[PDB]
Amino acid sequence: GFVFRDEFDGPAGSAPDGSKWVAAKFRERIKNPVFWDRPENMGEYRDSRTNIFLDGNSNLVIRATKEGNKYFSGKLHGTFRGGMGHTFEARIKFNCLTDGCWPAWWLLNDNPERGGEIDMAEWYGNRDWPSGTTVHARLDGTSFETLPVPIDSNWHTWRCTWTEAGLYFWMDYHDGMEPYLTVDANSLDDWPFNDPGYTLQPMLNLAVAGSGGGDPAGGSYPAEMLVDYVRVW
């Protein structure tokens, strides 16, 4: 380490580093969905400087906007593939804890047969589900370990350490801090994270609507997610 880093430096309105990040050009199509996952009800993703830009103050801004009756936001899919024996950290400010918003900082292995997902910072604007941290052994969501974690609008560092022994999560780490969650290896059915050559890509998004987002009618838009850095070492 650092094996991967992005400090998000650059002039205001510029785009994130295209060698490091690929912005979603649309919101994923959900199968047989709940109301707020219906395609006409979800908020869309655009690779647009109105929704994903650098502020010129060394933050990535992911901003939800309302344009007429439709909502738009951003999702960054990182190119870096990191493996077992790495720590992943993002410093983030959730200026978007409002109705409809569904921001997240997470890690993804997209393998259809053995994929997995580590959501270390997730907040639900649907006014129902508690914010928290989730390890997903299966992408279908049927084999997981979760821990609700209060999430406010202050700056926080969110950390995951991935070792052969499992997954460790810290909020605002310091030397001597005990992890607030430790998910042991093989503690989940179909646990994939100890497989040969398993890699995880860093992900950032502010979704609007969808199941976790809910109805954005009551929310204050525009709404912003700030990312000072993402680092892997």
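Throughout, we count residues from 1 along the sequence that is shown.
Relative to one another, 99-107 and 67-75 have unequal mean CA B-factors, and 67-75 is the one with the higher figure. The mean Cα B-factor in the deposited entry runs higher for 134-142 than for the other of 134-142 and 83-91.
Within the listed group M203, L167, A207, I30, the record reports its top CA B-factor for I30. The PDB entry assigns its highest CA temperature factor, among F26, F53, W36, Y198, to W36. Sort the chain's modelled residues by C-alpha temperature factor and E122 lands in the lowest third, per the entry.
Split the chain's modelled residues into thirds by C-alpha temperature factor. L226 is in the middle one.
Ranked by C-alpha B-factor against the other modelled residues of its chain, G213 falls in the lowest third. Per-chain ranking of the deposited C-alpha B factor places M171 in the lowest third. When the modelled residues of the chain are ordered by C-alpha B-factor, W155 sits in the middle third.
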